[PDB]
Every structure is written in structure tokens, then in C-alpha cells.
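Okay, run_10.pdb now, which holds PDB, N, CA and C atoms:
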ATOM      1  N   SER A   1       0.846  -1.227   0.000
ATOM      2  CA  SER A   1       0.000   0.000   0.000
ATOM      3  C   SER A   1       0.866   1.257   0.000
ATOM      4  N   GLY A   2       0.306   2.345  -0.506
ATOM      5  CA  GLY A   2       0.978   3.643  -0.470
ATOM      6  C   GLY A   2       1.495   4.143  -1.804
ATOM      7  N   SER A   3       1.465   3.295  -2.824
ATOM      8  CA  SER A   3       1.999   3.677  -4.129
ATOM      9  C   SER A   3       1.286   4.899  -4.700
ATOM     10  N   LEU A   4      -0.035   4.963  -4.550
ATOM     11  CA  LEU A   4      -0.790   6.098  -5.057
ATOM     12  C   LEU A   4      -0.302   7.369  -4.394
ATOM     13  N   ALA A   5      -0.254   7.360  -3.063
ATOM     14  CA  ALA A   5       0.125   8.576  -2.344
ATOM     15  C   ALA A   5       1.551   9.012  -2.674
ATOM     16  N   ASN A   6       2.477   8.059  -2.786
ATOM     17  CA  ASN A   6       3.871   8.394  -3.108
ATOM     18  C   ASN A   6       4.003   8.937  -4.524
ATOM     19  N   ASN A   7       3.215   8.402  -5.434
ATOM     20  CA  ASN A   7       3.193   8.989  -6.778
ATOM     21  C   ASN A   7       2.671  10.426  -6.789
ATOM     22  N   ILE A   8       1.566  10.678  -6.098
ATOM     23  CA  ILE A   8       1.040  12.026  -6.047
ATOM     24  C   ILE A   8       2.058  12.947  -5.377
ATOM     25  N   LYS A   9       2.676  12.505  -4.283
ATOM     26  CA  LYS A   9       3.615  13.376  -3.572
ATOM     27  C   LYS A   9       4.745  13.886  -4.472
ATOM     28  N   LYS A  10       5.224  13.045  -5.376
ATOM     29  CA  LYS A  10       6.355  13.436  -6.223
ATOM     30  C   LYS A  10       5.927  14.093  -7.531
ATOM     31  N   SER A  11       4.631  14.108  -7.815
ATOM     32  CA  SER A  11       4.170  14.561  -9.122
ATOM     33  C   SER A  11       4.329  16.060  -9.314
ATOM     34  N   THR A  12       4.231  16.468 -10.576
ATOM     35  CA  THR A  12       4.493  17.837 -10.996
ATOM     36  C   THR A  12       3.206  18.664 -11.086
ATOM     37  N   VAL A  13       2.173  18.087 -11.673
ATOM     38  CA  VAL A  13       0.921  18.802 -11.830
ATOM     39  C   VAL A  13      -0.202  17.811 -12.069
ATOM     40  N   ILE A  14      -1.402  18.151 -11.585
ATOM     41  CA  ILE A  14      -2.600  17.355 -11.804
ATOM     42  C   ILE A  14      -3.499  18.140 -12.739
ATOM     43  N   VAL A  15      -3.999  17.497 -13.781
ATOM     44  CA  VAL A  15      -5.025  18.093 -14.644
ATOM     45  C   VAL A  15      -6.337  17.392 -14.351
ATOM     46  N   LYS A  16      -7.388  18.185 -14.157
ATOM     47  CA  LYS A  16      -8.696  17.647 -13.847
ATOM     48  C   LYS A  16      -9.740  18.273 -14.752
ATOM     49  N   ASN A  17     -10.880  17.600 -14.858
ATOM     50  CA  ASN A  17     -12.043  18.167 -15.515
ATOM     51  C   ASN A  17     -12.940  18.795 -14.463
TER      52      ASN A  17
ATOM     53  N   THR B   1     -18.792  12.685 -14.806
ATOM     54  CA  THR B   1     -17.659  11.771 -14.484
ATOM     55  C   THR B   1     -16.387  12.557 -14.213
ATOM     56  N   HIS B   2     -15.921  12.511 -12.978
ATOM     57  CA  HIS B   2     -14.725  13.234 -12.579
ATOM     58  C   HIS B   2     -13.489  12.493 -13.068
ATOM     59  N   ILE B   3     -12.501  13.256 -13.538
ATOM     60  CA  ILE B   3     -11.242  12.654 -13.948
ATOM     61  C   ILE B   3     -10.079  13.494 -13.456
ATOM     62  N   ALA B   4      -8.989  12.795 -13.146
ATOM     63  CA  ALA B   4      -7.750  13.432 -12.721
ATOM     64  C   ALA B   4      -6.581  12.685 -13.336
ATOM     65  N   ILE B   5      -5.636  13.460 -13.854
ATOM     66  CA  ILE B   5      -4.445  12.974 -14.525
ATOM     67  C   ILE B   5      -3.249  13.567 -13.825
ATOM     68  N   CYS B   6      -2.378  12.691 -13.344
ATOM     69  CA  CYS B   6      -1.199  13.097 -12.592
ATOM     70  C   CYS B   6       0.017  13.018 -13.503
ATOM     71  N   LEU B   7       0.634  14.167 -13.761
ATOM     72  CA  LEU B   7       1.797  14.257 -14.631
ATOM     73  C   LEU B   7       3.065  14.435 -13.823
ATOM     74  N   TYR B   8       4.109  13.732 -14.240
ATOM     75  CA  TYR B   8       5.411  13.778 -13.597
ATOM     76  C   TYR B   8       6.464  14.103 -14.650
ATOM     77  N   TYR B   9       7.242  15.144 -14.405
ATOM     78  CA  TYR B   9       8.384  15.416 -15.257
ATOM     79  C   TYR B   9       9.564  15.849 -14.407
ATOM     80  N   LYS B  10      10.666  15.146 -14.578
ATOM     81  CA  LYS B  10      11.885  15.509 -13.904
ATOM     82  C   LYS B  10      13.028  15.461 -14.904
ATOM     83  N   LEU B  11      13.616  16.631 -15.180
ATOM     84  CA  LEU B  11      14.717  16.692 -16.128
ATOM     85  C   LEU B  11      15.829  15.743 -15.676
ATOM     86  N   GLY B  12      16.345  14.965 -16.663
ATOM     87  CA  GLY B  12      17.391  13.988 -16.368
ATOM     88  C   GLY B  12      16.831  12.589 -16.162
ATOM     89  N   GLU B  13      15.608  12.490 -15.640
ATOM     90  CA  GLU B  13      15.012  11.182 -15.379
ATOM     91  C   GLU B  13      14.037  10.816 -16.488
ATOM     92  N   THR B  14      12.919  11.533 -16.542
ATOM     93  CA  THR B  14      11.862  11.276 -17.518
ATOM     94  C   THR B  14      12.210  11.978 -18.829
ATOM     95  N   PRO B  15      12.324  11.215 -19.924
ATOM     96  CA  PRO B  15      12.661  11.811 -21.213
ATOM     97  C   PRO B  15      11.526  12.686 -21.756
ATOM     98  N   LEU B  16      10.302  12.375 -21.319
ATOM     99  CA  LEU B  16       9.086  13.136 -21.622
ATOM    100  C   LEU B  16       8.196  13.178 -20.376
ATOM    101  N   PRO B  17       7.294  14.166 -20.276
ATOM    102  CA  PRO B  17       6.331  14.065 -19.170
ATOM    103  C   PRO B  17       5.591  12.735 -19.196
ATOM    104  N   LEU B  18       5.372  12.199 -17.997
ATOM    105  CA  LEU B  18       4.845  10.861 -17.771
ATOM    106  C   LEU B  18       3.522  10.978 -17.034
ATOM    107  N   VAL B  19       2.523  10.207 -17.470
ATOM    108  CA  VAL B  19       1.283  10.077 -16.718
ATOM    109  C   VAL B  19       1.528   8.949 -15.747
ATOM    110  N   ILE B  20       1.702   9.315 -14.479
ATOM    111  CA  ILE B  20       2.076   8.336 -13.438
ATOM    112  C   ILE B  20       0.862   7.782 -12.727
ATOM    113  N   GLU B  21      -0.227   8.545 -12.719
ATOM    114  CA  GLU B  21      -1.480   8.097 -12.112
ATOM    115  C   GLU B  21      -2.636   8.727 -12.842
ATOM    116  N   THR B  22      -3.739   7.993 -12.913
ATOM    117  CA  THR B  22      -4.995   8.551 -13.371
ATOM    118  C   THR B  22      -6.098   8.057 -12.459
ATOM    119  N   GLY B  23      -7.225   8.747 -12.510
ATOM    120  CA  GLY B  23      -8.393   8.300 -11.789
ATOM    121  C   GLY B  23      -9.660   8.848 -12.386
ATOM    122  N   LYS B  24     -10.736   8.084 -12.238
ATOM    123  CA  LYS B  24     -12.080   8.550 -12.536
ATOM    124  C   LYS B  24     -12.925   8.343 -11.291
ATOM    125  N   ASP B  25     -13.987   9.127 -11.174
ATOM    126  CA  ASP B  25     -14.949   8.955 -10.095
ATOM    127  C   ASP B  25     -14.262   9.034  -8.725
ATOM    128  N   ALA B  26     -14.491   8.060  -7.847
ATOM    129  CA  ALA B  26     -13.946   8.119  -6.488
ATOM    130  C   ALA B  26     -12.441   8.264  -6.475
ATOM    131  N   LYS B  27     -11.771   7.605  -7.405
ATOM    132  CA  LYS B  27     -10.318   7.680  -7.435
ATOM    133  C   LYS B  27      -9.851   9.079  -7.819
ATOM    134  N   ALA B  28     -10.555   9.725  -8.745
ATOM    135  CA  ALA B  28     -10.221  11.097  -9.092
ATOM    136  C   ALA B  28     -10.342  12.004  -7.857
ATOM    137  N   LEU B  29     -11.394  11.816  -7.067
ATOM    138  CA  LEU B  29     -11.609  12.662  -5.893
ATOM    139  C   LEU B  29     -10.447  12.478  -4.927
ATOM    140  N   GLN B  30     -10.005  11.238  -4.812
ATOM    141  CA  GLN B  30      -8.936  10.918  -3.876
ATOM    142  C   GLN B  30      -7.616  11.522  -4.339
ATOM    143  N   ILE B  31      -7.356  11.451  -5.640
ATOM    144  CA  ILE B  31      -6.139  12.062  -6.193
ATOM    145  C   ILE B  31      -6.093  13.548  -5.871
ATOM    146  N   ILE B  32      -7.233  14.213  -6.014
ATOM    147  CA  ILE B  32      -7.297  15.642  -5.764
ATOM    148  C   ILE B  32      -7.067  15.943  -4.282
ATOM    149  N   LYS B  33      -7.614  15.121  -3.389
ATOM    150  CA  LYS B  33      -7.380  15.303  -1.948
ATOM    151  C   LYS B  33      -5.906  15.145  -1.614
ATOM    152  N   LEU B  34      -5.267  14.166  -2.244
ATOM    153  CA  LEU B  34      -3.849  13.930  -2.022
ATOM    154  C   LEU B  34      -3.028  15.067  -2.590
ATOM    155  N   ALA B  35      -3.440  15.582  -3.745
ATOM    156  CA  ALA B  35      -2.806  16.752  -4.318
ATOM    157  C   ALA B  35      -2.826  17.909  -3.325
ATOM    158  N   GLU B  36      -3.966  18.149  -2.690
ATOM    159  CA  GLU B  36      -4.051  19.241  -1.707
ATOM    160  C   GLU B  36      -3.093  18.979  -0.545
ATOM    161  N   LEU B  37      -3.076  17.737  -0.062
ATOM    162  CA  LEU B  37      -2.200  17.351   1.040
ATOM    163  C   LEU B  37      -0.730  17.605   0.753
ATOM    164  N   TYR B  38      -0.318  17.297  -0.474
ATOM    165  CA  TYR B  38       1.086  17.418  -0.843
ATOM    166  C   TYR B  38       1.378  18.722  -1.606
ATOM    167  N   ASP B  39       0.406  19.639  -1.633
ATOM    168  CA  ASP B  39       0.551  20.930  -2.310
ATOM    169  C   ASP B  39       0.978  20.780  -3.761
ATOM    170  N   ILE B  40       0.351  19.850  -4.479
ATOM    171  CA  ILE B  40       0.633  19.676  -5.913
ATOM    172  C   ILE B  40      -0.334  20.566  -6.681
ATOM    173  N   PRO B  41       0.180  21.416  -7.592
ATOM    174  CA  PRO B  41      -0.737  22.250  -8.361
ATOM    175  C   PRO B  41      -1.795  21.431  -9.113
ATOM    176  N   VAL B  42      -3.055  21.847  -9.015
ATOM    177  CA  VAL B  42      -4.167  21.211  -9.718
ATOM    178  C   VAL B  42      -4.761  22.241 -10.663
ATOM    179  N   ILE B  43      -4.804  21.905 -11.946
ATOM    180  CA  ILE B  43      -5.320  22.783 -12.982
ATOM    181  C   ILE B  43      -6.551  22.154 -13.601
ATOM    182  N   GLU B  44      -7.639  22.922 -13.670
ATOM    183  CA  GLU B  44      -8.841  22.456 -14.354
ATOM    184  C   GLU B  44      -8.809  22.862 -15.824
ATOM    185  N   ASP B  45      -8.863  21.867 -16.694
ATOM    186  CA  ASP B  45      -8.855  22.081 -18.130
ATOM    187  C   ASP B  45      -9.582  20.881 -18.696
ATOM    188  N   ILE B  46     -10.872  21.068 -18.957
ATOM    189  CA  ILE B  46     -11.733  19.932 -19.222
ATOM    190  C   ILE B  46     -11.383  19.256 -20.557
ATOM    191  N   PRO B  47     -11.256  20.030 -21.651
ATOM    192  CA  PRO B  47     -10.842  19.348 -22.887
ATOM    193  C   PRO B  47      -9.491  18.605 -22.810
ATOM    194  N   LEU B  48      -8.498  19.202 -22.152
ATOM    195  CA  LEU B  48      -7.207  18.548 -21.999
ATOM    196  C   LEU B  48      -7.318  17.315 -21.097
ATOM    197  N   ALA B  49      -8.015  17.445 -19.982
ATOM    198  CA  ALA B  49      -8.151  16.294 -19.079
ATOM    199  C   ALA B  49      -8.832  15.115 -19.774
ATOM    200  N   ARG B  50      -9.926  15.370 -20.486
ATOM    201  CA  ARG B  50     -10.610  14.283 -21.179
ATOM    202  C   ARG B  50      -9.712  13.623 -22.222
ATOM    203  N   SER B  51      -8.974  14.435 -22.953
ATOM    204  CA  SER B  51      -8.125  13.921 -24.018
ATOM    205  C   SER B  51      -6.947  13.128 -23.453
ATOM    206  N   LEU B  52      -6.282  13.661 -22.433
ATOM    207  CA  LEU B  52      -5.225  12.896 -21.766
ATOM    208  C   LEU B  52      -5.750  11.579 -21.226
ATOM    209  N   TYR B  53      -6.908  11.617 -20.570
ATOM    210  CA  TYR B  53      -7.461  10.416 -19.971
ATOM    211  C   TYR B  53      -7.688   9.335 -21.023
ATOM    212  N   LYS B  54      -8.193   9.733 -22.178
ATOM    213  CA  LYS B  54      -8.480   8.777 -23.224
ATOM    214  C   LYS B  54      -7.235   8.247 -23.918
ATOM    215  N   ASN B  55      -6.245   9.110 -24.103
ATOM    216  CA  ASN B  55      -5.114   8.778 -24.955
ATOM    217  C   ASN B  55      -3.877   8.247 -24.251
ATOM    218  N   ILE B  56      -3.601   8.756 -23.052
ATOM    219  CA  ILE B  56      -2.345   8.464 -22.364
ATOM    220  C   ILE B  56      -2.633   7.690 -21.086
ATOM    221  N   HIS B  57      -2.370   6.393 -21.129
ATOM    222  CA  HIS B  57      -2.692   5.519 -20.015
ATOM    223  C   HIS B  57      -1.643   5.594 -18.899
ATOM    224  N   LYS B  58      -2.007   5.132 -17.714
ATOM    225  CA  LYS B  58      -1.088   5.118 -16.597
ATOM    226  C   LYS B  58       0.226   4.464 -17.007
ATOM    227  N   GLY B  59       1.325   5.164 -16.732
ATOM    228  CA  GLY B  59       2.664   4.672 -17.016
ATOM    229  C   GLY B  59       3.190   4.967 -18.403
ATOM    230  N   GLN B  60       2.402   5.698 -19.194
ATOM    231  CA  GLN B  60       2.766   6.071 -20.566
ATOM    232  C   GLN B  60       3.256   7.520 -20.602
ATOM    233  N   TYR B  61       4.250   7.778 -21.444
ATOM    234  CA  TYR B  61       4.680   9.127 -21.728
ATOM    235  C   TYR B  61       3.649   9.814 -22.613
ATOM    236  N   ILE B  62       3.535  11.129 -22.475
ATOM    237  CA  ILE B  62       2.661  11.876 -23.366
ATOM    238  C   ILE B  62       3.187  11.773 -24.798
ATOM    239  N   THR B  63       2.273  11.987 -25.739
ATOM    240  CA  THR B  63       2.571  11.925 -27.152
ATOM    241  C   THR B  63       2.463  13.330 -27.771
ATOM    242  N   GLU B  64       2.839  13.428 -29.036
ATOM    243  CA  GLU B  64       3.113  14.705 -29.684
ATOM    244  C   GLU B  64       1.997  15.731 -29.578
ATOM    245  N   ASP B  65       0.740  15.303 -29.652
ATOM    246  CA  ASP B  65      -0.388  16.248 -29.589
ATOM    247  C   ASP B  65      -0.441  17.017 -28.276
ATOM    248  N   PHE B  66       0.174  16.451 -27.250
ATOM    249  CA  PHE B  66       0.144  16.974 -25.900
ATOM    250  C   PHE B  66       1.415  17.717 -25.488
ATOM    251  N   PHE B  67       2.446  17.680 -26.324
ATOM    252  CA  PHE B  67       3.732  18.235 -25.903
ATOM    253  C   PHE B  67       3.604  19.682 -25.446
ATOM    254  N   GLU B  68       2.989  20.522 -26.263
ATOM    255  CA  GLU B  68       2.913  21.929 -25.906
ATOM    256  C   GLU B  68       1.873  22.215 -24.815
ATOM    257  N   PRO B  69       0.650  21.659 -24.923
ATOM    258  CA  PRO B  69      -0.274  21.941 -23.826
ATOM    259  C   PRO B  69       0.272  21.506 -22.453
ATOM    260  N   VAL B  70       0.973  20.379 -22.399
ATOM    261  CA  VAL B  70       1.530  19.937 -21.138
ATOM    262  C   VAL B  70       2.731  20.803 -20.735
ATOM    263  N   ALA B  71       3.529  21.260 -21.695
ATOM    264  CA  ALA B  71       4.619  22.178 -21.371
ATOM    265  C   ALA B  71       4.078  23.415 -20.677
ATOM    266  N   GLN B  72       2.952  23.936 -21.153
ATOM    267  CA  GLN B  72       2.377  25.145 -20.572
ATOM    268  C   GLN B  72       1.986  24.899 -19.124
ATOM    269  N   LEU B  73       1.475  23.693 -18.844
ATOM    270  CA  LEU B  73       1.114  23.302 -17.463
ATOM    271  C   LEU B  73       2.363  23.235 -16.605
ATOM    272  N   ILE B  74       3.409  22.635 -17.143
ATOM    273  CA  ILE B  74       4.637  22.487 -16.382
ATOM    274  C   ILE B  74       5.207  23.855 -16.059
ATOM    275  N   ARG B  75       5.194  24.755 -17.035
ATOM    276  CA  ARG B  75       5.731  26.096 -16.797
ATOM    277  C   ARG B  75       5.033  26.794 -15.636
ATOM    278  N   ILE B  76       3.722  26.628 -15.503
ATOM    279  CA  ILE B  76       3.020  27.291 -14.407
ATOM    280  C   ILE B  76       3.136  26.530 -13.088
ATOM    281  N   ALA B  77       3.335  25.218 -13.160
ATOM    282  CA  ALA B  77       3.273  24.378 -11.965
ATOM    283  C   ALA B  77       4.642  24.145 -11.343
ATOM    284  N   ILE B  78       5.706  24.305 -12.130
ATOM    285  CA  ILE B  78       7.036  23.971 -11.634
ATOM    286  C   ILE B  78       7.372  24.754 -10.366
ATOM    287  N   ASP B  79       7.958  24.059  -9.399
ATOM    288  CA  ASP B  79       8.413  24.683  -8.182
ATOM    289  C   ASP B  79       9.836  25.113  -8.465
ATOM    290  N   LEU B  80      10.075  26.415  -8.429
ATOM    291  CA  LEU B  80      11.395  26.934  -8.750
ATOM    292  C   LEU B  80      12.360  26.769  -7.589
ATOM    293  N   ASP B  81      11.819  26.463  -6.410
ATOM    294  CA  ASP B  81      12.624  26.001  -5.285
ATOM    295  C   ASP B  81      13.442  27.120  -4.630
ATOM    296  N   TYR B  82      12.951  28.356  -4.703
ATOM    297  CA  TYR B  82      13.497  29.441  -3.890
ATOM    298  C   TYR B  82      12.407  30.333  -3.329
TER     299      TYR B  82
END

Whole structure given in C-alpha cells:
Amino acid sequence: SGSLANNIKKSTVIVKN
Amino acid sequence: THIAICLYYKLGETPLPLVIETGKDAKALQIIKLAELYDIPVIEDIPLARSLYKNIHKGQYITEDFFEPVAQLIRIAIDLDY
């Protein structure tokens, strides 16, 4: 567990609708 | 239908911006909550989000149609670190 959160933590930008 | 696309670009590591996570519905909501927690810039752009979601799957680099629109996002979102 935790892969999602660790990916978001290191990410550059989120694009949403 | 809510969607969220998580882009990762690090000069030297990723040869192109990478879609590292995506989500729809509940997962999209969760991605956005995590974004707030980690202070990751979140940009609303409905045509771009829909197109990225359809075309660029989790773990795939962006493709040519997206190079410039994603560059513009990176330019505004990059942490200059001072």
C-alpha cells in the first residue's frame, strides 16, 4: 500500500475536468 | 464523471512528461485530496483532461499532440525552489 500517495507526492501537476 | 491525470516530469530522469497516475470517479476525488495534502498544483482544463485520460494511459509518456499543452502546465506548476 501507499503507491498512489507516493506517486502524487512526487508529481508535478494534476489536470482535472 | 470526474477525472484526474497526474503528470510527472523531472529533467534527467523522464525523457518526456509521464502520466504516473490517473483516476475517474472516487479515485479522481482521492487524487485531488492527495494533491491538496502534498501541495501539488491542480489545474482544471476539461478538454485537456478528457483527451489525456483517453489517450495516455497510466505509465505512458505523453505523445506529440500533448507536448505543448503539457509544457504550458509544467511552466506554471514547476516549483522553482526558492

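Atom to atom, atom CA of residue B:38 and atom N of residue A:5 stand 10.4 Å apart.
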
Please report as JSON lines every residue of stretch 35-81 of chain B lying within 10 Å of stretch 8-17 of chain A, along with the nearest atom pair and their distance in Å (one decimal), using only C-alpha atoms.
{"residue": "B:35", "atom": "CA", "partner": "A:8", "partner_atom": "CA", "distance": 6.3}
{"residue": "B:36", "atom": "CA", "partner": "A:9", "partner_atom": "CA", "distance": 9.8}
{"residue": "B:37", "atom": "CA", "partner": "A:9", "partner_atom": "CA", "distance": 8.4}
{"residue": "B:38", "atom": "CA", "partner": "A:9", "partner_atom": "CA", "distance": 5.5}
{"residue": "B:39", "atom": "CA", "partner": "A:9", "partner_atom": "CA", "distance": 8.2}
{"residue": "B:40", "atom": "CA", "partner": "A:13", "partner_atom": "CA", "distance": 6.0}
{"residue": "B:41", "atom": "CA", "partner": "A:13", "partner_atom": "CA", "distance": 5.2}
{"residue": "B:42", "atom": "CA", "partner": "A:14", "partner_atom": "CA", "distance": 4.7}
{"residue": "B:43", "atom": "CA", "partner": "A:15", "partner_atom": "CA", "distance": 5.0}
{"residue": "B:44", "atom": "CA", "partner": "A:16", "partner_atom": "CA", "distance": 4.8}
{"residue": "B:45", "atom": "CA", "partner": "A:17", "partner_atom": "CA", "distance": 5.7}
{"residue": "B:46", "atom": "CA", "partner": "A:17", "partner_atom": "CA", "distance": 4.1}
{"residue": "B:47", "atom": "CA", "partner": "A:17", "partner_atom": "CA", "distance": 7.6}
{"residue": "B:48", "atom": "CA", "partner": "A:15", "partner_atom": "CA", "distance": 7.7}
{"residue": "B:49", "atom": "CA", "partner": "A:16", "partner_atom": "CA", "distance": 5.4}
{"residue": "B:50", "atom": "CA", "partner": "A:17", "partner_atom": "CA", "distance": 7.0}
{"residue": "B:52", "atom": "CA", "partner": "A:15", "partner_atom": "CA", "distance": 8.8}
{"residue": "B:53", "atom": "CA", "partner": "A:16", "partner_atom": "CA", "distance": 9.6}
{"residue": "B:70", "atom": "CA", "partner": "A:13", "partner_atom": "CA", "distance": 9.4}
{"residue": "B:73", "atom": "CA", "partner": "A:13", "partner_atom": "CA", "distance": 7.2}
{"residue": "B:74", "atom": "CA", "partner": "A:13", "partner_atom": "CA", "distance": 6.9}
{"residue": "B:76", "atom": "CA", "partner": "A:13", "partner_atom": "CA", "distance": 9.1}
{"residue": "B:77", "atom": "CA", "partner": "A:13", "partner_atom": "CA", "distance": 6.1}
{"residue": "B:78", "atom": "CA", "partner": "A:12", "partner_atom": "CA", "distance": 6.7}
{"residue": "B:79", "atom": "CA", "partner": "A:12", "partner_atom": "CA", "distance": 8.4}

Open item on the list: Give me, as a PyMOL selection string, the residues of chain B that a backbone DSSP run labels strand (DSSP E or B).
Closed with: chain B and resi 3-8+18-24+42-44+61

With N, CA and C atoms retained, write the just-selected residues as a JSON list (two decimals), keeping the file's coordinate frame.
[["chain", "number", "residue", "atom", "x", "y", "z"],
["B", 3, "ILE", "N", -12.50, 13.26, -13.54],
["B", 3, "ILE", "CA", -11.24, 12.65, -13.95],
["B", 3, "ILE", "C", -10.08, 13.49, -13.46],
["B", 4, "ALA", "N", -8.99, 12.80, -13.15],
["B", 4, "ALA", "CA", -7.75, 13.43, -12.72],
["B", 4, "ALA", "C", -6.58, 12.68, -13.34],
["B", 5, "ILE", "N", -5.64, 13.46, -13.85],
["B", 5, "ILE", "CA", -4.44, 12.97, -14.52],
["B", 5, "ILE", "C", -3.25, 13.57, -13.82],
["B", 6, "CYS", "N", -2.38, 12.69, -13.34],
["B", 6, "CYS", "CA", -1.20, 13.10, -12.59],
["B", 6, "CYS", "C", 0.02, 13.02, -13.50],
["B", 7, "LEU", "N", 0.63, 14.17, -13.76],
["B", 7, "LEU", "CA", 1.80, 14.26, -14.63],
["B", 7, "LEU", "C", 3.06, 14.44, -13.82],
["B", 8, "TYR", "N", 4.11, 13.73, -14.24],
["B", 8, "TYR", "CA", 5.41, 13.78, -13.60],
["B", 8, "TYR", "C", 6.46, 14.10, -14.65],
["B", 18, "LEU", "N", 5.37, 12.20, -18.00],
["B", 18, "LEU", "CA", 4.84, 10.86, -17.77],
["B", 18, "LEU", "C", 3.52, 10.98, -17.03],
["B", 19, "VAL", "N", 2.52, 10.21, -17.47],
["B", 19, "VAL", "CA", 1.28, 10.08, -16.72],
["B", 19, "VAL", "C", 1.53, 8.95, -15.75],
["B", 20, "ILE", "N", 1.70, 9.32, -14.48],
["B", 20, "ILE", "CA", 2.08, 8.34, -13.44],
["B", 20, "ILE", "C", 0.86, 7.78, -12.73],
["B", 21, "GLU", "N", -0.23, 8.54, -12.72],
["B", 21, "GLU", "CA", -1.48, 8.10, -12.11],
["B", 21, "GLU", "C", -2.64, 8.73, -12.84],
["B", 22, "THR", "N", -3.74, 7.99, -12.91],
["B", 22, "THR", "CA", -5.00, 8.55, -13.37],
["B", 22, "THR", "C", -6.10, 8.06, -12.46],
["B", 23, "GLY", "N", -7.22, 8.75, -12.51],
["B", 23, "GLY", "CA", -8.39, 8.30, -11.79],
["B", 23, "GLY", "C", -9.66, 8.85, -12.39],
["B", 24, "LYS", "N", -10.74, 8.08, -12.24],
["B", 24, "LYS", "CA", -12.08, 8.55, -12.54],
["B", 24, "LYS", "C", -12.92, 8.34, -11.29],
["B", 42, "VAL", "N", -3.06, 21.85, -9.02],
["B", 42, "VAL", "CA", -4.17, 21.21, -9.72],
["B", 42, "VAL", "C", -4.76, 22.24, -10.66],
["B", 43, "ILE", "N", -4.80, 21.90, -11.95],
["B", 43, "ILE", "CA", -5.32, 22.78, -12.98],
["B", 43, "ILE", "C", -6.55, 22.15, -13.60],
["B", 44, "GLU", "N", -7.64, 22.92, -13.67],
["B", 44, "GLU", "CA", -8.84, 22.46, -14.35],
["B", 44, "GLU", "C", -8.81, 22.86, -15.82],
["B", 61, "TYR", "N", 4.25, 7.78, -21.44],
["B", 61, "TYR", "CA", 4.68, 9.13, -21.73],
["B", 61, "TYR", "C", 3.65, 9.81, -22.61]]

Task: All alpha helix (DSSP H) residues (DSSP, backbone) inside chain B, as a PyMOL selection string - done: chain B and resi 26-37+46-55+67-77

Task: B:21, B:81, B:65, B:13 ranked by distance to chain A, top pick (using all atoms listed in the file) - done: B:21

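Between atom C of residue A:2 and atom C of residue B:67 there is a distance of 28.4 Å.
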
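Counting from atom CA of residue B:29, the distance to atom CA of residue B:63 is 25.6 Å.
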
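Distances here use only N, CA and C atoms; by that measure, the residue among B:3, B:80, B:56, B:11 closest to chain A is B:3.
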